[PDB]
């Protein structure tokens, strides 16, 4: 089971695609909900995501059918299409997924943030970094629900530097576009969701605390945080969860005026990656870094909750640390950082000491030695 949120608000979930094209926005929204008696949200909602996962894992696409048998009915504890909780403006997080992932795979994070009074927009990237994604070729195809699928691109070693950089820039543009979509919905701009879902987007009018915007992401999504900050000042701070720094251009490092928090796993990180994080530092800039003891790269994603301990440790989905323990530290330290740099009037400063890595399961800074 994916954990329920720790905060006082019930959580709703819906999907939004606007426009319907491969250049439109596609996001999964998590939000404080009025009601708590809706059906739970289906975790991986289409067979083609399992096909995509199988391709990303380097197996026959019939392994996709096996993944679908094992995981196709799994839900996540968010109330599907629940009405938005009225009478309060919510801060906004835009969330960026890792390589081989897609919008639905970081619900443990999105649900927890929503349970504390955030609206969370988990973008699905169309840069061919997702295992799978879909869109509609035109207006007619969207009407009848005729989906065109786009699968993960495999690169030759010669393509690595250039294509990863083109992708992180598209990813940043996609984060900015998702922000502008939500801000126009907050105004009251009519938007026809290309998905025919029973969630009226009119509810989101006057619901966003328009100054209180952050960008969060894991791995490739962590590089997306940094690219997005350097290009879009509407984002006030960023949290990079075990960032994979390789995609970033040389130019970005000196160009991030916003506060930036690095939350790392113990076992993923390596000197070339840490050196790149340290290039983001300057005396005039707010930077924090903590490492979760006993954690692996996939501790930030929902697949850490999808299996048992033995199989989990084997497939590097789990580390030596308990998965609920690790995600609680990452989510609580995130909340304290967001309260500080968004200026929230909540009680998230109870976790200020986790920003400094002051906990038995935290390392301040990094365990990685560089030069």
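Residue numbers count along the first chain shown, from 1. By rigid core we mean the largest C-alpha set that fits within 1.5 Å across both forms.
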More shifted region, core-based fit in 8 other deposited structures of this protein, 136-144 vs 200-208 by CA: 136-144
212-220 set against 243-251, stretch whose average Cα temperature factor tops the other in the entry: 243-251
56-64 versus 330-338 - which carries the larger mean C-alpha B factor in the record: 56-64
Selection by C-alpha B-factor (highest) of 88, 112, 127, 232: 88
Criterion, highest CA B-factor; candidates, 94, 274, 204, 289: 204
Residue 80 - Cα temperature factor, lowest/middle/highest third of chain: middle
Chain third (lowest, middle, highest) by recorded CA B-factor, residue given as residue 315: highest
Modelled-residue ranking by C-alpha temperature factor, third containing residue 44: lowest
Third assignment of residue 358 from its chain's C-alpha B-factors: highest
Residue 257 - which third its CA temperature factor falls in, relative to the rest of the chain: middle
